[PDB]
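Order of appearance sets the numbers: ligands from 1, and atoms from 1 within every ligand. Values reported hereafter were calculated over all heavy atoms of this structure, with side chains retained and with hydrogens, waters and symmetry mates removed. A note on names: the letters A, B, ... follow the listed sequences, proteins ahead of strands, and every chain is numbered from 1.
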There are 2 protein chains.
Amino acid sequence: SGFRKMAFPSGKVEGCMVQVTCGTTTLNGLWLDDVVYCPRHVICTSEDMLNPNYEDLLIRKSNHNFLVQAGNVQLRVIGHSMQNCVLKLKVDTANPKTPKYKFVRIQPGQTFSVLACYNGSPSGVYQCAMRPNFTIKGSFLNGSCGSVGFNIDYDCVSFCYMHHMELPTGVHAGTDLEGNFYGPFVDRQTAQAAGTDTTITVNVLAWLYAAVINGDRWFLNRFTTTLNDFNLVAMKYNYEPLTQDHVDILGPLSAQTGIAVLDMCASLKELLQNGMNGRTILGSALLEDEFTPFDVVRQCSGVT
Amino acid sequence: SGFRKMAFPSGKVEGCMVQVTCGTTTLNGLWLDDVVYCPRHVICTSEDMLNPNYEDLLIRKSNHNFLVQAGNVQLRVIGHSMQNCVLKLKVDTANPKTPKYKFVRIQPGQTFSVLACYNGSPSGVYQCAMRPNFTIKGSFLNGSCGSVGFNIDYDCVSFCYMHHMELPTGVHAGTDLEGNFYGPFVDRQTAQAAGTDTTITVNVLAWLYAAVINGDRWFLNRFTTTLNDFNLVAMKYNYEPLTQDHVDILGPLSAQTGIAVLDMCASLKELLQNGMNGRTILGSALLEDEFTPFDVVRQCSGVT
Ligand SMILES: *CC(=O)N1CCN(Cc2cccs2)CC1
Ligand SMILES: *CC(=O)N1CCN(Cc2cccs2)CC1
């Protein structure tokens, strides 16, 4: 028992982190097979970041200008190309620690682990979610760019995020491993404001199921609701509308606990309207929305 | 910017996890050099757990009865001994992935990362603190015992915890790597109740400093207090008394932010007496106490 914000074991990803330096700029790169992936803004000076023309800036860079270092050993760059907002640096050596991997582009509401790195060296691992406004709430200082987000399915790492930017509001923006940003963000030092950070309703319900499984049951009530009635309340509280697809995904949690999804919706509706009244659920005083239904099942069953 | 509950990268510890089976019982073991460490309750049947006499039960076990498997390869057990509540199984092969390591016994208030494992296989990593009542609030199902808690200082892993038990209240108890339990807990299926889970005051203040560094400043007020005045409030709210040692440890955070430790104490005092009023600090609606002053400095500076 017990329920924690848990990240995937990071070892498989630690074996892929390298340092990439171009001129005076240093960030992280992801070494998979004979390719090192990194944000294209590694070619920029802080002055270039104002209105960069990446294709033009890249013309002034040759293979020998990209310094790639894995631990204390240098990798030889034999090619470079730009794909959207990432650079792909072909090196002459395949990463011997390359795990089974995939590049996936996640949807908002999906969670992942981040291995925050500086100078190609891992500093820590934490769990994130792709917010409905396509930002993530991470922990990233200067030098952390190129750190990646991932999920693991037994022995295959699905990389889903690469860190590129911090908005003036302290929230983060990045790309998938094809270099396409999540949301409307651009790799430029300009005014970029995030939209409404709505709450991921299906995740809150999954977390309420985890609370019941782990003994926290005070919030269970004698009520039920419908999807349409619940959604009137979800609209008022800036929660994502709940769909039948979300109800279907909560099926296994409903089956395990014996609590119908719409009854859990009614508990969530009372929690939104009445508040917590100074009480906690799984050690939290707010409704947690960065656990998906799959994360709850995984943690509650002990998948390795 | 951004501040997250961050665990250490787990790779160094993943390389040490093995499965240990004795009879019909399977849990995790920690393989360092040619020794595998695991909870001594691996020798028990659920029936033995009621009132086990470990020295007597161990007499019926020989080296060949301890099945140790690292991945899909079996390790040969050439010796076994009991040290307090852990068994040390000497194997004929040194773990080639043994990192630089130390065994440390932590104090309450200290934080650490847990690599939750099942059948010697890592499932996830999360951050914990040794509570003032010597329990930890983890996420551990049957089979998770033998999972370890650790801190890393650059390339040396300091192992501080090994999972052994879950109390009826859903909280966890375990030992250091010498087999001595934290607190008064015993490895027996008996009535064991935890004492008051008081809040780690110095950790809350460190986290308030992290909030100011990361932009959350609404709780800063025009007041100050003394250690004795603050402690009258800390007593009322089940917070640990603050000492001059704690004030000294907060020195670097005070220096960085320009906020005197006693002024931050006064902010915390108002937060305790007035509550949050529906507001949040670093995405939390309660005062977080599982970040030490050292964790805050580490995360805010990017130590790898
Ligand atoms: C994440 C990180 O390391 N940095 C340093 C480089 N910086 C370049 C810029 C991208 C957009 C505007 S400036 C991003 C943050
Ligand atoms: C943590 C874990 O794997 N388990 C299974 C074995 N169980 C034995 C007992 C220890 C004290 C009472 S029963 C502990 C939990």
Side-chain angles (χ1 to χ4, degrees), chain A residues 1-2 19-29 38-52 54 85 114 116-120 123 136 138-148 162-168 172-175 181 185-192 302, chain B residues 1-2 19-29 38-52 54 85 114 116-120 123 136 138-148 162-168 172-175 181 185-192 302:
Chain A
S1 96
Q19 182 190 65
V20 179
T21 300
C22 187
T24 68
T25 308
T26 293
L27 42 62
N28 306 281
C38 77
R40 62 180 183 174
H41 70 234
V42 70
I43 70 176
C44 300
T45 74
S46 51
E47 308 92 279
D48 292 327
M49 288 311 303
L50 290 181
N51 186 23
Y54 289 99
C85 304
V114 168
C117 299
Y118 298 89
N119 306 126
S123 61
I136 77 171
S139 179
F140 294 114
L141 301 163
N142 281 343
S144 62
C145 281
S147 295
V148 298
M162 179 171 272
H163 192 47
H164 287 246
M165 291 215 302
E166 180 161 79
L167 301 186
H172 303 107
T175 67
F181 263 88
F185 304 109
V186 293
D187 47 359
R188 188 189 172 191
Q189 189 166 316
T190 194
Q192 308 186 56
Chain B
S1 96
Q19 182 190 65
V20 179
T21 300
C22 187
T24 68
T25 308
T26 293
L27 42 62
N28 306 281
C38 77
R40 62 180 183 174
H41 70 234
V42 70
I43 70 176
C44 300
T45 74
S46 51
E47 308 92 279
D48 292 327
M49 288 311 303
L50 290 181
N51 186 23
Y54 289 99
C85 304
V114 168
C117 299
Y118 298 89
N119 306 126
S123 61
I136 77 171
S139 179
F140 294 114
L141 301 163
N142 281 343
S144 62
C145 281
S147 295
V148 298
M162 179 171 272
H163 192 47
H164 287 246
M165 291 215 302
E166 180 161 79
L167 301 186
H172 303 107
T175 67
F181 263 88
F185 304 109
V186 293
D187 47 359
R188 188 189 172 191
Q189 189 166 316
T190 194
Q192 308 186 56

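- Protein heavy atom in closest approach to atom 3 (O) of ligand 1: A:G143 N, 2.8 Å.
- Only one option out of A:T26, A:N119, A:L27 pairs with A:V20 in a side-chain contact (heavy atoms from CB on, under 4.5 Å); it is A:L27.
- Atom 6 (C) of ligand 1 has as its closest protein heavy atom A:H41 NE2, 3.8 Å.
- Heavy-atom separations between A:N142 and ligand 1 include at least one value shorter than 4.0 Å.
- Of all the atoms in ligand 2, the ones that sit under 4.0 Å from a non-hydrogen atom of B:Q189 are 12 (C), 13 (S).
- Distance from atom 14 (C) of ligand 2 to its nearest protein heavy atom, with residue and atom name: B:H164 O, 3.6 Å.
- A:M165 pairs with exactly one of A:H172, A:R188, A:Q189, A:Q192 by the side-chain contact (heavy atoms from CB on, under 4.5 Å) rule, that one being A:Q192.
- Across every non-hydrogen atom of A:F185 and A:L167, the tightest pair is CE2-CD1, 3.7 Å.
- Taking every non-hydrogen atom of B:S144 and a distance limit under 4.0 Å, the qualifying atoms of ligand 2 come out as 1 (C), 3 (O).
- At the shortest separation from atom 10 (C) of ligand 1 among protein heavy atoms lies A:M49 CE, 2.9 Å.
- Scanning both residues, B:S123 and B:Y118, for their nearest heavy atoms gives OG-CE1, 3.5 Å.
- Between atom OG1 of residue A:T25 and atom NE2 of residue A:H41 there is a gap of 8.5 Å, rounded to the nearest 0.5 Å.
- For atom 2 (C) of ligand 1, the closest non-hydrogen atom of the protein is A:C145 SG, 2.7 Å.
- Distance check: B:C38 SG to B:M162 CE gives 7.0 Å after rounding to the nearest 0.5 Å.
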